[PDB]
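A.B. asks: Experimental coordinates for this protein are included below, preceded by the sequence.
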Protein chains: 2
Amino acid sequence: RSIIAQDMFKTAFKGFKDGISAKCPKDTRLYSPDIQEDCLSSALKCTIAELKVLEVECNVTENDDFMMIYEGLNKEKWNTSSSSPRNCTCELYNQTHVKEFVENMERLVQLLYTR
Amino acid sequence: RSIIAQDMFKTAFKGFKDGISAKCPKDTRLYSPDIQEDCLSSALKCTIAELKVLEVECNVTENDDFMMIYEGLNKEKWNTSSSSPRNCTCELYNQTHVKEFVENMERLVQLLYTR
């Protein structure tokens, strides 16, 4: 369990989830993938893909926190594997407000560091 | 599609969704299933279990809409079929607040009638 990377996520997630809402239109919504055992890989690609939809919806085209989060996801090698993997579809997830989106996102990264 | 049933679910989801939040602790969080094609039957069993959870923690008595939604979920025979049906765990879904829980519950019920 890579405590150095996990702490960089933790702080980047706290220093973003607490500022956000205020940094996005109240009516912004995003598809929030969850942690179903067999859809980890999909759930990762959609999380990254809605980050982009959040990059034009709000400021965050800059932001130390946003860049660390985004860059971490595309470059860290994850164990997203299972015995019965499945292709989820991003638009089949629940849409949510921007703050809950990063919370779930924090939950998806904690899980994949646990395995 | 049975227009009679979709119409009652429409009235029942509007009256139930309006009183809630204020009828529940803000601290209440419920698992909220999505509409992924291969887990609809799981998604329905989890929506039903958590409605029960919403029961015991909320001041929802005796809601005509609630026990319509609930008993409707258990008796209606939905097409929960797909090329590759799978099992999904309730607790691997996202939690959210009550407002979005029924909102997502509605969306799921609509999907089921759409097919």
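C.D. replies: Received the coordinates, thanks. Numbers count the residues shown, from 1 in each chain, chains lettered A, B, ... in the order given.

A.B. asks: When you work out contacts or count neighbours from here on, use the C-alpha atoms and nothing else.
C.D. replies: Noted.

A.B. asks: How much space separates residue A:18 from residue A:68?
C.D. replies: Look at residue A:18 and residue A:68: by C-alpha to C-alpha, to the nearest Å, they are 16 Å apart.

A.B. asks: pretty sure residue A:115 contacts residue A:79?
C.D. replies: Yes. Under the criterion of C-alpha atoms under 8 Å, residue A:115 makes contact with residue A:79 at 6.6 Å.

A.B. asks: ok, those two, which is more surrounded?
C.D. replies: residue A:79 (13 against 10; other C-alpha atoms under 10 Å in any protein chain shown).

A.B. asks: Go ahead and list the helix or strand containing the most far-flung residue of chain A relative to its centre.
C.D. replies: Centroid-distance maximum for chain A: residue A:83 at 23.5 Å, with C-alpha atoms, centre = their mean. Assessed by DSSP states H and E, residue A:83 sits outside every helix and strand.

A.B. asks: List the single closest residue to it in space, sequence neighbours excluded.
C.D. replies: residue A:38 (7.7 Å; C-alpha to C-alpha, 6 or more residues apart in numbering or on different chains).

A.B. asks: what's that neighbour sitting at in phi/psi?
C.D. replies: Backbone torsions of residue A:38, given as degrees, to the nearest 10, read phi -100, psi 0.

A.B. asks: So it sits against residue B:38, correct?
C.D. replies: No. Counting by C-alpha under 8 Å, residue A:38 does not reach residue B:38; the two are 11.2 Å apart.

A.B. asks: Contacts only, for residue A:101.
C.D. replies: Listed by C-alpha atoms under 8 Å, 6 or more residues apart in numbering or on different chains, the contact set of residue A:101 reads A:30, A:31, A:32.

A.B. asks: Quick check, residue A:98 in contact with residue A:29.
C.D. replies: Yes. Assessed by C-alpha under 8 Å, residue A:98 is found in contact with residue A:29 at 6.1 Å.

A.B. asks: between these two, which one's more packed in?
C.D. replies: Using other C-alpha under 10 Å, the more surrounded residue of residue A:98 and residue A:29 is residue A:98, with 24 against 20.

A.B. asks: That one and residue A:50, how far apart?
C.D. replies: 10 Å.
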